Amino acid sequence: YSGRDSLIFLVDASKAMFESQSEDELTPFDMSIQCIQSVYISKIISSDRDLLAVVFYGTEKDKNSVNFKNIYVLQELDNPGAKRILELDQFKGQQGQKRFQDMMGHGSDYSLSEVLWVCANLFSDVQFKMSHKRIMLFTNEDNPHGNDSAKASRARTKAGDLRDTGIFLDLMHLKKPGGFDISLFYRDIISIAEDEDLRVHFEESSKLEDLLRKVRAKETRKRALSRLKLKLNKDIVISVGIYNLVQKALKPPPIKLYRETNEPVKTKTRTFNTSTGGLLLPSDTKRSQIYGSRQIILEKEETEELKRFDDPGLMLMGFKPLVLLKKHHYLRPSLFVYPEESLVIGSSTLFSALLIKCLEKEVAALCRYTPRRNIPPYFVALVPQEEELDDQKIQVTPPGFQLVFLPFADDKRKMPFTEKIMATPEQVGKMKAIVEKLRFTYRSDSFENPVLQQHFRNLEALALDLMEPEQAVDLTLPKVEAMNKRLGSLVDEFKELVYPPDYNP
Amino acid sequence: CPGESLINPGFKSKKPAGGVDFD
Amino acid sequence: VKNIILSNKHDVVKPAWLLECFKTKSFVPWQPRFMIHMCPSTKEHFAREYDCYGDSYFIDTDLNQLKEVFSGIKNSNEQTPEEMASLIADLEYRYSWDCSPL
Amino acid sequence: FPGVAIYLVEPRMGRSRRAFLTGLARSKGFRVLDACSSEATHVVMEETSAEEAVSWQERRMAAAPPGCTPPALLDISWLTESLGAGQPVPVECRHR
Amino acid sequence: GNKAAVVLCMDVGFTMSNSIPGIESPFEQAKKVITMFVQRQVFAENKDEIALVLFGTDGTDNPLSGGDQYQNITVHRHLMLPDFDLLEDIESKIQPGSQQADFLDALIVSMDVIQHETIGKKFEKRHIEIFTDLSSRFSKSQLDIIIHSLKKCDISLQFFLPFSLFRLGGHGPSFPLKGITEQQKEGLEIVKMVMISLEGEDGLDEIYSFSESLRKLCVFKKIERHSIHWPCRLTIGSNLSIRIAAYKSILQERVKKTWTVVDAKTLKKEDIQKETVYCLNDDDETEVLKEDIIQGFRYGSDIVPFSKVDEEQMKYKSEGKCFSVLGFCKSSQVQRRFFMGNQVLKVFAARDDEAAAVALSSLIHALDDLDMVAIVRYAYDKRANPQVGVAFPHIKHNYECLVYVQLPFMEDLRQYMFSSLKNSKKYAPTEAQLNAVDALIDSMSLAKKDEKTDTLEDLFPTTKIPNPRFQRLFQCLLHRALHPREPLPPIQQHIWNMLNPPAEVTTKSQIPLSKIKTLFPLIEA
DNA sequence: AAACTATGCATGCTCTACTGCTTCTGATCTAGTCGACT
DNA sequence: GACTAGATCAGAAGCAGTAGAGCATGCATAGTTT
């Protein structure tokens with residue numbers, strides 16, 4: 001996946017879209033606006049490098065690069081921002097609905113071929129490389145050109161041309177009084193038609209709920225941290241890329257702005273002699289270390305040379321049984337090693353053979369790791385990983401090697417001496433009962449970082465000028481109420497068995 | 001490809017964090 | 001605005017103050033009506049000149065000004081029907097308000 | 001050395017740097033004028049090209065009296081050398 | 001605070017200079033070990049007293065010189081902070097002698113020095129290390145009082161010998177058998193009995209060798225200080241609570257001393273100044289005071305201001321120092337590959353607390369029996385960001401505790417898709433390739449199945465090896481200090497040897513590697 | 001015996017360099033159209 | 001010839017992640033004073 005993502009929102013502006021069947025139900029136009037705003041927010045948080053556009057068709061006024069009638073391009077393909085979100089929200093309310101009607105109009109003839117043509121023109125106007133070209137059609141009508149067949153053929157031809165070009169189109173059908181029949185006219189326009197999505201739809205599209213589900217997490221495309229070299233011998237060599245399947249999430253770095261005008265300010269640093277008052281360079285400086293009364297002076301190049309043992313890469317040392325790899329011997333997050341094949345040919349077969357043989361023998365490959373030049377070597381273990389996929393053939397664990405850092409002697413610390421005190425069988429049984437009561441299934445993505453979520457919510461409130469920032473419920477709390485209600489009298493019995501009455505913990 | 005994230009093509013959809021759900 | 005209010009180091013003023021200043025083309029003194037927040041220095045300054053509510057001690061009050069003053073004070077339920085009626089009667093008697101028709 | 005006058009170009013080397021250089025020169029016994037004047041004889045440049053130097057010279061001459069001696073265009077290296085040696089170092093081609 | 005005193009007894013006898021061809025004499029190995037110890041104790045900037053006593057020299061200088069006793073023993077350096085002078089004495093101005101000295105007499109002198117110099121300052125850890133080859137005549141008359149005084153004075157004793165109970169630190173046999181002498185055997189028996197009497201069947205673990213000591217950090221085993229304890233309360237609900245103390249079992253070690261930038265000529269820090277300035281994005285380069293800068297954040301195509309006070313007011317807040325057990329999950333559901341953080345915590349019961357110890361032991365035993373781990377919430381203090389981690393039991397005959405390791409959040413997981421290798425047809429290895437890989441794996445095995453106990457013994461344990469960067473830095477600093485004008489020396493041979501596997505695997509992995517090379521076509525592209 | 005002060009440590013924050021990967025941009029080679037010439 | 005187009009390949013900016021340095025600050029524990 002190389003390039004950017006392009007999304008164009010097509011919101012129909014017919015009379016039927018501006019009417020609500022039942023009370024306490026937002027009109028389809030407002031629902032589309034909210035969905036667009038949610039998508040904009042999700043794109044801003046996850047990846048702001050993508051391009052989003054908003055185009056309205058069926059309006060009285062027209063604004064297009066070709067001067068097509070009855071089409072308005074509210075926002076051209078550009079990176080999302082708070083200004084576009086506010087502009088969309090301006091039409092959110094009923095007063096916003098009136099403003100949209102006054103400044104845009106509604107209830108005019110339109111051609112699907114025309115909107116597809118303007119969308120294609122917008123796509124062709126992007127100078128950046130687009131990995132995905134997508135269009136979303138928000139419309140509750142299923143038979144727009146029911147009074148004319150030539151327009152239907154023109155729309156079919158335009159949709160076919162867009163499909164051939166590589167444009168991927170979706171129809172976000174909304175609620176209709178009578179019902180939505182995709183099989184009537186839109187079946188031949190959607191890029192992919194599902195067999196299930198054939199019956200008449202009397203409710204909202206399921207995609208709308210997914211779109212409205214805001215996601216707050218940065219999405220990073222696949223990228224190799226380093227294309228290192230694995231050397232089984234001074235002559236045998238292969239190339240392997242290193243990836244970080246797990247990486248700590250940090251909030252975006254702050255930026256300095258000028259209070260008076262709120263503009264970026266450049267930060268610079270300089271070094272000069274207090275006597276000569278002239279600029280100095282790193283090559284005109286020495287590093288000093290004072291131990292007691294003695295002073296030791298070394299050049300910067302010498303200090304860099306201090307931590308130089310071997311060239312960057314991985315050097316094989318041997319194979320060790322997996323039983324000898326302690327679970328508690330953890331120092332840094334593990335990495336993933338996968339064959340590259342873009343540098344040396346024939347490495348993939350060797351990697352596969354090594355993986356299968358290590359899995360059969362249950363042996364991890366011990367190696368010396370030097371991620372970069374002038375970096376002290378470390379001892380790492382590569383444990384083979386078996387490609388694991390859950391139901392419906394979705395991968396959950398890729399095949400390769402898991403690189404785990406083995407702590408050195410210095411990294412280990414000695415604990416204070418303690419006297420063992422065995423627990424009686426009754427107390428162990430009570431604890432077993434408590435644990436069984438508090439049983440729960442764990443998954444890798446069952447918790448959210450409260451700090452990052454709160455920061456994102458605060459930034460959203462600041463940018464959109466919202467009244468207050470919606471408090472983010474944190475799942476990291478132990479919800480003591482439910483645990484107490486579930487345990488019952490087990491805690492009291494355990495305290496009586498273990499804790500003496502005159503303890504007061 | 002069921003489960004693909006509509007917002008972010010090429011990224012699998014991720015279920016909302018359910019926290020601790022006792023059995 | 002809420003964050004600025006919480007940090008008691010600045011004064012929050014309604015836009016109406018600036019509009020009135022433009023209307024008269026002059027610097028108009030502050031009033032509690034225009035002030036959404038009051039810094040401790042400004043709060044002390046207003047305490048001496050102005051009542052805790054949006055009412056003044058020196059400059060008299062008019063119909064509109066008294067209406068705004070009454071708007072600022074929110075209804076409270078520390079009174080009782082019987083004691084409230086007794087207080088109203090005492091107030092009318094003290095200032096000779098027995099000539100009212102109602 | 002009251003006879004010799006030295007001036008600095010504020011809008012091309014910052015404010016803190018200019019203040020530090022002025023303080024160092026004053027401590028060294030060199031008089032630095034806060035505001036540009038005809039009495040200035042030496043002007044120090046910093047990270048600038050010849051075209052901008054001649055533009056600055058033209059701008060200065062545009063508001064200077066005739067029959068005078070515009071200060072010679074001189075670089076920061078000279079000032080650093082003079083401060084290090086404690087006395088005005090002779091000017092050579094590089095500074096000019 | 002905390003302080004310790006160490007006495008290093010070094011043999012200087014003629015036998016110490018003996019060296020078999022192709023091997024380094026024991027004198028060089030002892031000098032290297034003592035130099036490493038002194039470098040660690042001096043460059044670490046720790047308040048520790050070090051004294052050096054040389055026995056076997058031509059001269060005699062010690063307090064016990066009233067009569068003709070304890071001859072050929074010199075107290076080279078008394079109990080004082082280790083300065084560079086000790087390093088110079090160790091390196092250059094110390095040469096082997098020719099007159100033998102009694103090991104027992106040297107131990108007597110060392111013990112007397114420890115007793116006499118332990119009057120001014122207070123020491124809570126007294127250690128004596130004896131470096132000798134056990135090739136000199138000795139008398140056992142004073143042995144009984146030696147043991148009595150060692151037991152009474154609470155003095156730790158360590159021994160270093162050229163051989164254990166060829167390359168330095170090669171993870172292989174040293175001093176091949178059938179070379180030890182009868183006198184060496186007798187001395188070994190005496191030291192073994194002394195160590196057994198002192199440590200009580202553990203003394204055999206305190207008799208190391210120079211080759212092993214160079215790569216085992218054994219010299220500082222009794223000197224290193226225990227880390228502080230983090231107290232907290234493990235709460236399962238709103239009522240149950242167990243007082244616990246957490247220590248940092250594993251944490252990456254980094255040099256604390258930081259390089260200081262100084263002027264090239266005067267070699268002084270005062271003549272260097274680093275200044276930070278801010279300017280607008282304009283050619284004029286307008287200057288702005290540090291107090292006219294506001295923090296802000298990028299929201300995509302625009303930047304929204306976010307004042308520091310506003311951020312502090314609106315930042316997530318939680319109660320500090322919380323250790324709550326969110327729940328219990330099967331150990332299989334938690335995998336090592338998802339482990340996060342840069343530290344591992346060991347949680348024990350509160351010290352001198354019987355009820356807390358019993359409760360923690362019961363919890364650990366229940367978790368072990370049920371094969372479960374505890375998903376818990378951990379926060380060092382108010383400022384520390386809350387973390388979700390996994391605590392699992394760790395039961396050993398010596399002690400039992402919990403091991404806590406941080407777990408990843410839903411935002412810290414990367415979803416990368418990798419092409420399958422099992423079903424791939426373009427990279428399907430042949431049977432011969434698999435056989436060659438199997439042979440290579442078998443030949444390069446680093447673990448041996450000892451049939452005496454039917455146990456796996458590790459021939460190349462990388463966890464016990466010290467970090468070579470610290471030793472390299474100390475060596476280079478010492479070389480620069482002793483020789484102010486000279487290029488830095490190369491990496492020590494023993495450092496390379498300890499970072500390489502035993503020669504047995506290298507020799508046994510030649511034919512398999514050749515078969516792999518000939519059966520696998522590899523070419524750069 | 002209790003209150004105040006001292007050191008000591010840990011963790012999160014900020015900056016500056018360093019290296020490696022990905023995407024955008026500027027310099028360099030040819031098809032077509034008009035024109036010049038013999 | 002001339003030019004403008006078109007394509008096409010080599011260098012620079014941005015990003016991500018790591019290490020090394022210096023500090024905020026609060027939570028614990030050892031020492032001194034009333």
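Quick note on labels: first sequence line is chain A, next is B, and so on, each numbered from 1.
The side chain of A/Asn244 sits closest to G/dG17 out of G/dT18, F/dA10, G/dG17. In the set F/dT22, F/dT11, G/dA28, the nucleotide with an atom closest to the side chain of E/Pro231 is G/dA28. Of the candidates G/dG17, G/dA21, F/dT14, G/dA21 carries the atom nearest the E/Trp259 side chain, counting heavy atoms from C-beta on.
Note on E/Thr276: nothing from the nucleic acid sits closer than 4.0 angstrom, heavy atoms only. Among the atoms of the strands shown, none is found under 4.0 Å from any heavy atom of E/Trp230. Within 4.0 Å of A/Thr269, counting heavy atoms only, lie sugar-phosphate atoms of the nucleic acid but no base atom. The residue A/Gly3 sits close only to the backbone: its heavy atoms come under 4.0 Å of sugar-phosphate atoms, none of a base. Using a 4.0 Å heavy-atom cutoff across all strands shown, A/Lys256 reaches sugar-phosphate atoms only and no base atom. E/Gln295 comes within 4.0 angstrom of sugar-phosphate atoms only, judged by non-hydrogen atoms across all strands, and of no base. Among the heavy atoms of the strands, none lies under 4.0 Å from A/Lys251. Residue-level contact check: E/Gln343 touches the backbone only, with heavy atoms under 4.0 Å from sugar-phosphate atoms and none from bases. At the heavy-atom level, A/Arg287 lies nowhere under 4.0 Å from the strands shown.
Across all strands shown, F/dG32 is found opposite G/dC3 as a Watson-Crick or G-U wobble partner, with both distances under 3.5 Å.
Note on A/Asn374: every side-chain N or O is 4.0 Å or more away from OP1 and OP2 of F/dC18. OP1 or OP2 of G/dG17 lies within a sub-4.0 Å distance of a side-chain N or O belonging to E/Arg414. Put simply, E/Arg254 has a side-chain N or O that comes within less than 4.0 Å of OP1 or OP2 on G/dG20. When the side-chain nitrogen and oxygen atoms of A/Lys218 are compared with OP1 and OP2 of G/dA16, one or more of them lie within a distance under 4.0 Å. For the pair E/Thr258 and G/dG22, the criterion of a side-chain N or O lying under 4.0 Å from OP1 or OP2 is met. One finds no side-chain N or O of E/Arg225 lying less than 4.0 angstrom from the OP1 or OP2 phosphate oxygen of F/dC9. Contact annotation: A/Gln247 side-chain N/O to G/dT18 OP1/OP2 distance is under 4.0 Å. Proximity of A/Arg227 to the phosphate of F/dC21: a side-chain N or O atom is located under 4.0 Å from OP1 or OP2.
Position along DNA chain F of the nearest nucleotide to E/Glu311 versus E/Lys47 favours E/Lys47 as the more 5'-ward residue. Nearest-nucleotide assignment on DNA chain G puts the 5′-proximal partner with E/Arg469, out of E/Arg469 and E/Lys321. Summary of the strand contacts: A/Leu335 and E/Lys256 both lie near DNA chain G, and taking for each the nucleotide with the nearest heavy atom, the more 5' one is attributed to A/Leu335. Where E/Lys274 and A/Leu225 meet DNA chain F, the nucleotide closest to each residue was compared, and E/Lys274 sits on the side nearer the 5' end.
In terms of polar N and O atoms assigned as donor or acceptor, the side chain of E/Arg383 never comes within less than 3.5 Å of the base of G/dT25 in a complementary pairing.
The distance between atom NE2 of E/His229 and atom P of G/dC27, rounded to the nearest whole Å, is 15 Å. A/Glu304 has its CD atom 8 Å from the P atom of F/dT19, to the nearest Å. If you measure from atom OH of E/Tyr380 to atom P of G/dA24, you get 18 Å, rounded to the nearest angstrom. In this structure, the CZ atom of A/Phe405 is 12 Å from the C1' atom of G/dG17, given to the nearest Å.
There is no side-chain donor-acceptor pair under 3.5 Å between E/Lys269 and A/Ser288. Side-chain atoms of A/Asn458 and A/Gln454 form a donor-acceptor pair, as typed in the model, at a separation below 3.5 Å.
Between A/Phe408 and A/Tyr378, the gap from one ring centroid to the other is short of 6.0 Å. Aromatic ring centroids of E/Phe470 and E/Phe43 lie 6.0 Å or more apart. The distance between the ring centers of A/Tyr243 and E/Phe418 falls below 6.0 angstrom.
The ring pair (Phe, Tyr, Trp, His ring centres under 6.0 Å) test applied to E/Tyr378 returns E/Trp230, E/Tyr404, not counting sequence neighbours. Partners of E/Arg225 under the side-chain hydrogen bond (donor to acceptor under 3.5 Å, both in side chains) rule, at least two apart in sequence or in another chain, do not exist in this structure.
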